[PDB]
């Protein structure tokens, strides 16, 4: 016959849960403001600060020390695109799309967008270039799957745009990142590995018709690629899904349908 709880210790538990909700409100505030370290303050469509920034204030800045003498990054910090954006309003009020003023693939807007990232290669923990053509990566070779090197490369118009001449590999992560494709004029381009289908007789690229391969952004040194160059290449390729759709839906509709 011993038990000292009945009079007011189920209060504890009430205390605990009440405390938890207070803690959780605090946590969500912390997390949301942590997640405002990029892209804020919000802007009007003309790039000026928006009047309504929401109920959460910007966090105090933090600084990342970057390795290999690359400096630091402090965020939140001044935001700017640092590149021309070739788009114009299509309506007289906010919230409508912005039409490309030129060729959106060439101009790098919409799904063809790129970010003005640093024009230096990503580096591994030893300060060497993270990504290298396999011919220059000592000891690296295809270890499984069909080796794409030497295969013709086909675009979504079902025409051959070139031939694979190498694989660019991530050295520290031991993975394939790009295929290097040589074009009809003898120059090469990089294609993201995520955007190609390696088949037994060919590499197929659904994102681009063959005529758009020459427009893929080129790299300035043939044995390295900078973060800026990767953004431009990947943005352009993915942009083909929307912008080469005329040259894809025309073909894969005249390819099938013949009976009636």
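The term rigid core refers to the most C-alpha atoms you can superpose between the two forms while keeping them within 1.5 Å. Numbering follows the first chain given and starts at 1.
- Here the rigid core sets the fit, and in 9 other deposited structures of this protein the C-alphas of 80-88 stray farther than those of the other stretch, out of 183-191 and 80-88.
- For the pair 19-27 and 6-14, the record assigns the higher mean C-alpha temperature factor to 6-14.
- Higher mean CA temperature factor, per the PDB entry, when comparing 129-137 with 108-116: 129-137.
- The maximum CA B-factor among the listed residues 199, 63, 32, 226, taken from the PDB record, is found at 199.
- Between the residues 122, 170, 180, 185, the entry's highest C-alpha temperature factor is the one at 185.
- Split the chain's modelled residues into thirds by C-alpha temperature factor. Residue 83 is in the middle one.
- When the CA B factors of the chain's modelled residues are split into thirds, the value for residue 237 lands in the lowest one.
- Split the chain's modelled residues into thirds by C-alpha temperature factor. Residue 101 is in the middle one.
- Residue 150: CA B factor in the middle third of modelled residues in this chain (values from the PDB entry).
- Remark: residue 74 belongs to the lowest third of its chain, ranked by C-alpha B-factor as recorded.
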